[PDB]
Amino acid sequence: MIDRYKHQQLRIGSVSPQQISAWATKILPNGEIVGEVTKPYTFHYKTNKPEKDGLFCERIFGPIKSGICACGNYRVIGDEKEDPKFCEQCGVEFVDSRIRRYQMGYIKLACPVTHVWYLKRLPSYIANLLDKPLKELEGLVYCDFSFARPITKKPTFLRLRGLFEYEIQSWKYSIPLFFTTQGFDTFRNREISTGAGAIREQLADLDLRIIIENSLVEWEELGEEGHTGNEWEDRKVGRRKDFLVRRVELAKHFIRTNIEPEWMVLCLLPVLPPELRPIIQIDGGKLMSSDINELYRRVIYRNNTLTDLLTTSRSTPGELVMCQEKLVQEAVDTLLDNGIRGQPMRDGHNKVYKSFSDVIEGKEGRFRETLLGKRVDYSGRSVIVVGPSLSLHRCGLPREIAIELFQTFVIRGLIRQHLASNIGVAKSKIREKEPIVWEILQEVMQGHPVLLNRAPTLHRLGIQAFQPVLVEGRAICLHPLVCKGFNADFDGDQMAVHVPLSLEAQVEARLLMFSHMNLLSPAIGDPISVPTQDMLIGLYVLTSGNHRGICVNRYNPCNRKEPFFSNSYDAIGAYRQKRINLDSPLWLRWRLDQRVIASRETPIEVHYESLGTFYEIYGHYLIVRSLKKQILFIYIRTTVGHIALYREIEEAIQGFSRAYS
Amino acid sequence: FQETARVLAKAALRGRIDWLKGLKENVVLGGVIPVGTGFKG
Amino acid sequence: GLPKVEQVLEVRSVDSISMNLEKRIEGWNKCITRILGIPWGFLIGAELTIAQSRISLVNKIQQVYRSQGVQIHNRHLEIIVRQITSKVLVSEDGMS
Amino acid sequence: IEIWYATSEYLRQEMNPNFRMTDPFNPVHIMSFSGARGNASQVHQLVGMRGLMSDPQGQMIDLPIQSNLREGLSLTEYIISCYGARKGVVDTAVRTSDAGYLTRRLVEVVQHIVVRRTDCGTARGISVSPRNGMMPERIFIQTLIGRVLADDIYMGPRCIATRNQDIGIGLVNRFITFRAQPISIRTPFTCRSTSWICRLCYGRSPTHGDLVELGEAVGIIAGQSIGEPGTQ
Amino acid sequence: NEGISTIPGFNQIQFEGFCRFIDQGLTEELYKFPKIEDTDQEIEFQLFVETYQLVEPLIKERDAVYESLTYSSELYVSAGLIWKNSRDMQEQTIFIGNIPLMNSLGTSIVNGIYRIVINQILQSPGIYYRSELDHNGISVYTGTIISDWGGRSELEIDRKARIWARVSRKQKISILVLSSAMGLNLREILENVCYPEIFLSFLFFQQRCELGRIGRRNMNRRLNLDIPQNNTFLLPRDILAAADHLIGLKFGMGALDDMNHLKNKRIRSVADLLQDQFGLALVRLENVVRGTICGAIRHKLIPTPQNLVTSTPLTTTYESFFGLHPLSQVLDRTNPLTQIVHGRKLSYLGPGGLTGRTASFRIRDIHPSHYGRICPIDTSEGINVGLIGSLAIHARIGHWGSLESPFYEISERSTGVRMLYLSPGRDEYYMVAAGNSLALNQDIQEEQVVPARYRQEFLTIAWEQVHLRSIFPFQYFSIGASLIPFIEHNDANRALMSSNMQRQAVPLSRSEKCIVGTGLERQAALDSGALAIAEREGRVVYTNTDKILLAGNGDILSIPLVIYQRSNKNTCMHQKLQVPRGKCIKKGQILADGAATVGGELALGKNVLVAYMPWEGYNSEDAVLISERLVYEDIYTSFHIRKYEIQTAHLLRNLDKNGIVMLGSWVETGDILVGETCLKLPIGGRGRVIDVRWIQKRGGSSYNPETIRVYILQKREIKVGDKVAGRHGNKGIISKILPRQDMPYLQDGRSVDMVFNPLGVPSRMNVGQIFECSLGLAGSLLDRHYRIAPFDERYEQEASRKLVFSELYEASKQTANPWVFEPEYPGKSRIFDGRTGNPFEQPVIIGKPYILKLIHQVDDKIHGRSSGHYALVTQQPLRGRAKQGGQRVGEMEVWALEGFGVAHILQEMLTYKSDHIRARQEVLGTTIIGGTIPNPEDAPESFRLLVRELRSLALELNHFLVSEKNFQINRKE
DNA sequence: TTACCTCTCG
RNA sequence: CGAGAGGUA
Ligand SMILES: [Mg+2]
Ligand SMILES: [Zn+2]
């Protein structure tokens, strides 16, 4: 066979600054760009209207009510024939409020910042690429230290070629005076380095193919006199040995992967769509406003302070800018992954704030909590009861539960039979509990199955399907023999019901999820539905037997049972008419072939007569034979109880056969 | 299923591509799982 | 009981499950190299380690279940055991 | 400790003979013998002696319990008995939790395995001998049922079984009568891939008693099967 | 003086704790208040603690609940401020704030809610020695110093003498250096310490150094020392002594401590917590006072002492404690038993206490020290099993935090006996016996032997060598276990279940007392608070359903009664009079009865005729078959009241002029109760509107939105699906109700009310029920009620059998019913079938036991949903019956569906039914029309959200499909 | 561990 | 809506 082929793929990748922009940018009829949100304002102060350039702004994130623009007029969406996509007065985007769920916005940052994950891991990805001490790259990042030779890409007149150096005491003013206005800037950019602009630039001009060459050589040289020294030393030799492999690998991937190494330090910053951070008025909820929003404002603020500081005060020293650079970085860090560095970063009243990593992680993290399982419609719950008379394929469903689950189906019926004019008309009939609603409900559920599950669903048998039968009362009735699979008892257990809507779904339930089809357990092949408690007691009693010797007769039978029956029906009859008891011994003629399970015992007495007939008495049977060696008669000693079990098993087989026909 | 941040980072860097050939993955995407009636033959 | 099954399945220490086993595996590896050549020695050594390991792990889990009267078929344990035992580690000396 | 354990144990041993010989139809016997409810240990406590108990930290308490529930436990005995009960309650709570972690993790390792092909094409199989381990015949039988043979088995010039044939209880028995020692079976360890299995290597299904169908989730069934017996 | 000679009141601990806080606690905290002056020198404030007065409550307690206020008391204290500039004195008494008051029962009413404070168990400050087995060779030993601060101090000795402090994360820190820090000479140390040679060979204060009084005493006992009690510090000599002991262990001369013993644990209570909070509040008043002083400077104004201090700090602290502390909980008022049990609870967890997931297995087992103090049976099952427990009947709290069990001294002395209370430590050193003196041989009584406890062990010794005897019947158990009859014959596992179920019983419309009981039902009623007892002696002069007047020596006292009122758990409270007019009463005697109480005893259930036999499968597993008599004679009917509240066609028939539904209306789901913003009835509530309350309110910035509350009553009868239980651990759910004619019947003609399965007793090990059913039958016939204390076999072997069999015989003879006692099979009889008239084959157990109806009813349980409201972010269905929500298909369920191979069914659950907005809206239409539903192609919202969230952390996820036929790659959105 | 229910509180 | 507490099976 030729396989039917389907190819699907999912790709994950870090994104460039230009992309984050395109995710959130539009050009209006005026020709004006929209998208960056600058102000920290959320809505309005007691006005309940989104502010402009605000975290909830309509123009950047889409309209709040459909068709009603910023101005307050309403143009009918569904028609683009003569509708300004963007109104002259305001950016309207008239079509839908759904966009507020999906639309994105971006924030420009004056200072380059660094992502936490690459830096945080002990085998830091940035460090692995850098080949410089982890402390040195980090120190520059969180504390004021300045690199001296930032770019190896371009030649520079000053030549200390130093690393991060704390002291800027080196003449810097005379150097600026000697140099032209910004002549110093060209030189400084080439040489002096600060913050993370330096990291971004060092990462940006790096030679990967060269990096591999150096590494391999160093890796080859290391291992000289390897495995031949004091315990302390070898350990160190190895740790370097690996850092080297790890680094070669990262670079190789970069060569063939289309992801640019500089993207790790971030120029633009992304913003979640406004709905996903409802921040609804905390009208007594008190937590309705999102911490997402709270964290967002801080980054927005420090950034605005810096943009102004630079514009306002070129004269003010780098000390003013240096002070607030660190502040901006820290807000972003908490927003991305707080607790990575272990900083509490919490308001005193508040718990440590929720970083976006927390949102994703764990049981309540998006993937486990929402992606793997979800709440559903067309479902119900109630307590369970014994239901002995039901058949294996059936279950009893309370009527109140049913009317809820099968409502749509009944409305159709009322309309189809023309007992109601409109959908609204019918819903009324359902409420007055008129008797007709019940005849229609019964008709609709006749060949439609339903699914039942118990709470701790340990194994497949936890969910099984049944044909529902309407019952009055408020509990679900279940067949006695299905309880082992569900592990259910009748002392407070509850169950849930689901209805299968599609035709495809309905076929699967009848054909692959019904009890008759699943009578053997998955683990070794054993029967899962077998008679278990009271039922077993009854079967044992029927087959238990009768007193045999001293128990039935006081004195030896030597010094000195009777009923003989021809067909089994007569015997069962005598039991009813009280002629005999369940345990009384009896003799039954058998016309068939010696199927009685009994021990291999030779006859107790053979009695042989002169004309030729021989009678053989065994413990449970008498066989009469003649000279021609033919068995004239066989009689079995038994009790009524034994014949009753045989008859039921036999009749059931024959009945099923006669029904098929 | 356990270390979500750590895995996701390593991957973004390497541009990993996942061909969706297992059960759990297709559940997240809300698409027919390739088992049983879903397996096509 | 259950703790033991978690221990066996999560193989924190190879010796922890069976002492006799660690012995064999460390021993085999040292000895095999001298006896056989590069193309064939790693391959044969792997096949032997894989075979003993597989028998022991199934047998250890199973003894715990049989003590308490729980009977589970082997095929099921084997699907799980294979994944535990299906991978190899390239060594320090190997760079290409 | 020793005198009391012997006394308790002899009494338990002798309970069933007393019921079967002197009162065959007693309600307590019917319920236990039938299999309906009750266990010998549970009955022993109602009708014999409860016995020596273990204190926390595993030390016997030295005061025997000479009473049963019908007769009535003394205050001192009742207090000693309580020890055991806290152990049970603590174990049940713990066991329910531990089982779930083991199951979640087992399903994850083997979720991807589905039966995707009819024959892998392997010509290798594991060999099962009655010897090579001291195997009670039971164990020998259970391993073999449901598996497909990887090579022909012959007694003299006649073939008992051919490659690609499933093994059932009747065949296994013939192998036992005729003492055919080395049997080679295709098994999950003999397949050629780790992302899927083939029908012949997996063998007969536990549910429907026939070769597994293409498209079945063998892995989810395995995780669940090892885990559910865990509650016990 | 109490508890010797009688069972102590069940609320005594709360009463004593509150009193201690009111006087001693208040004074101690007040003293520490600092005199406050600022800068180089400023005005000085004086809080004179000598004169503190607490004044009476302005509102009465009933009013406080009606208007949602808090019942409290006002603290007025005198103070003087000498403004630095003035040099003169002004004195006034400022109203510092409000401190809450307790009712005798032990509850506090705060913001309208009855609240109760639970007790906590924590490790006591002191020195503890542990021997840690060492991974290599010889074992390491260690010492530790628990403190009120909680800092622990570690000292350790290795195989080579180490004497190294382990407080530093670093391995080596010197204890000797700490001794030198104390100024001790090296020479001084040598003279002080024994084992000098070993130490020769070897040649903070704010938190750890304070040891409470409890901490000091423990130190002095463990290392014999006798620094006086007023001293409360980590004086250095102690550290030296500790080292000396540490080495003695290395040489064999020592004891390793057990930390689970109760001599090493302490109990905090209402008093401690309240005192603590007072301190926090007081520090907050200092902050406020300093601040107003600064304000005075700005305005340059002469302060009035009152102006400087506000009442906010005291009130706010308590309001927060009651509302948010872990150990302050709302009282369960389901039944009278629940109210009494809640107070007695003890928790290991709490603030500054253990957490359940974290805690060790060993902390959750019984220890031999618990006897007489903490009940062995009661615990809360779950991940919290073993950590929440209950105080025993005869326990009390000592001067130190420790608990105490009463013991009788049998040793010869003048009096020859006294009842004494012993600390958990003291009694390990005496031999205690619980046996009796009824054995005599040819020697004397003193030589006879008995089982006994000594040093945490059980042994057998002669009567001469015993010192103390345990004499009380209910001493080792809590209130719930002490309400079960014939407990000796029920396995202990069941007893946990049983105590739990009594707490879940519903007060019924008419109440009846039990035929068989244990005798503690009488005290349980007295202490619940549901009865009206006399406060003065007198004669009853007028009785009306609303009130009673008692006239004693020239005064007339009016006692209000409770008619049809709601409880926290939606149950009804109603009091009914027990006293005829014209009768004399003494103080403390009963005047009226509450719900679930008849004649001064607790009555939570009814007595019914029952048979134990199999019946057509209706009783399979644990299910019950019942007669209709119970339904039509109203044996098990209960009243339930719910409240619905708001803040400010056929429908609207009920509403009045203002629009609020009138009293006496019958309402059904959908009907508006109070007039867009309309409040409407949920599903399953249908009842008379018993009352409407337009409550004006204060406290909010606006006059608090007046609250309109509606209260609705539902009368509920027994139905299929209800849960019923007995007192011995037996629980079941009703499966069928059958007409009297079809029920099994006796030789008297009567038909049994309920039928239970008989296969249950062997598995669950409760033989108590068989003894109780049989005695019940006897009492009904002979007109007797029996109250029997536990453990009756102390008197003789097989005592219970002798009581039951004898009583059954008397009933059989006096009323001539021979079936009640049958000599061949005692306790069992032969009964007949209603359907056919034929005898059942084997004899069956018939009796009248006491059966209770539980709070879990079917009506509350049932739920259904189609369509409906959807959530904002996840866009999934809502959770909860109240919220009209869906049900969860979770991880485990998916796995099962996958095993079956039902892919289509699963996809549906993940898309159309939950979270695919476009798809969801279509299916409702296809179904009404009659069409086919297509398989969805786009992604659900759940997936879309993940992408957006990731794109927020700067990562991109894309889904592409590559066409097999032409090789094109298409990006799905 | 799963599911289920009620409440209070800023 | 975020926390806390009491239950159920
Ligand atoms: Mg149950
Ligand atoms: Zn007794």
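Reminder, nothing fancy here: chain letters follow the sequence lines and each chain counts from 1. As a basis for the values below, the full set of heavy atoms in this structure was taken, side chains included, without hydrogen atoms, waters or symmetry mates.
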In terms of side-chain heavy atoms of [X], which of [options] is nearest?
{"X": "E:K883", "options": "F:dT1, G:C1, G:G6", "value": "G:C1"}
{"X": "E:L324", "options": "F:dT1, G:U8, F:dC9", "value": "F:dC9"}
{"X": "E:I113", "options": "G:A5, F:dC9, G:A9", "value": "F:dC9"}
{"X": "E:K723", "options": "F:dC4, F:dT8, G:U8", "value": "G:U8"}
{"X": "A:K354", "options": "G:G7, F:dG10, G:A3", "value": "G:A3"}
{"X": "E:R879", "options": "G:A3, F:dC4, G:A9", "value": "F:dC4"}

Quickly work out the [X] [atom1] to [N] [atom2] distance and round it to whole Å.
{"X": "E:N384", "N": "G:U8", "atom1": "CG", "atom2": "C1'", "answer": "15 Å"}
{"X": "E:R333", "N": "F:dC7", "atom1": "CZ", "atom2": "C1'", "answer": "15 Å"}
{"X": "E:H342", "N": "G:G7", "atom1": "NE2", "atom2": "P", "answer": "7 Å"}
{"X": "E:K345", "N": "G:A5", "atom1": "NZ", "atom2": "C1'", "answer": "11 Å"}
{"X": "A:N293", "N": "G:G2", "atom1": "CG", "atom2": "P", "answer": "13 Å"}
{"X": "D:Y101", "N": "F:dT2", "atom1": "OH", "atom2": "P", "answer": "10 Å"}
{"X": "E:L331", "N": "G:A5", "atom1": "CG", "atom2": "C1'", "answer": "14 Å"}
{"X": "E:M892", "N": "F:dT2", "atom1": "CE", "atom2": "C1'", "answer": "4 Å"}

- Closest to the 5' end of RNA chain G, once E:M501 and E:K569 are matched to their nearest nucleotides, is E:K569
Please determine if [X] and [Y] form a salt bridge, counting it only when a charged side-chain N lies under 4.0 Å from a carboxylate O.
{"X": "A:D493", "Y": "A:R454", "answer": "yes"}
{"X": "E:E891", "Y": "A:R368", "answer": "yes"}
{"X": "E:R503", "Y": "E:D332", "answer": "no"}
{"X": "D:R105", "Y": "C:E6", "answer": "yes"}
{"X": "E:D622", "Y": "E:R764", "answer": "yes"}

Looking at [N], I'd like to know if its phosphate oxygens (OP1 or OP2) sit under 4.0 Å from a side-chain N or O belonging to [X].
{"X": "A:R454", "N": "F:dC4", "answer": "no"}
{"X": "E:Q504", "N": "G:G7", "answer": "no"}
{"X": "E:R888", "N": "F:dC4", "answer": "no"}
{"X": "E:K731", "N": "G:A9", "answer": "yes"}
{"X": "E:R881", "N": "F:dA3", "answer": "no"}
{"X": "A:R375", "N": "F:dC4", "answer": "yes"}
{"X": "E:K861", "N": "G:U8", "answer": "no"}

- Message: Counting the atoms with a prime plus P, OP1 and OP2 as sugar-phosphate, which does D:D98 contact under 4.0 Å by heavy atoms, base, sugar-phosphate, or nothing?
- Response: nothing
- Query: Is a side-chain donor-acceptor pair under 3.5 Å present for E:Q329 with E:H342?
  - Reply: yes
- Item | Separation between the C1' atoms of F:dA3 and G:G2, rounded to whole Å | 22 Å
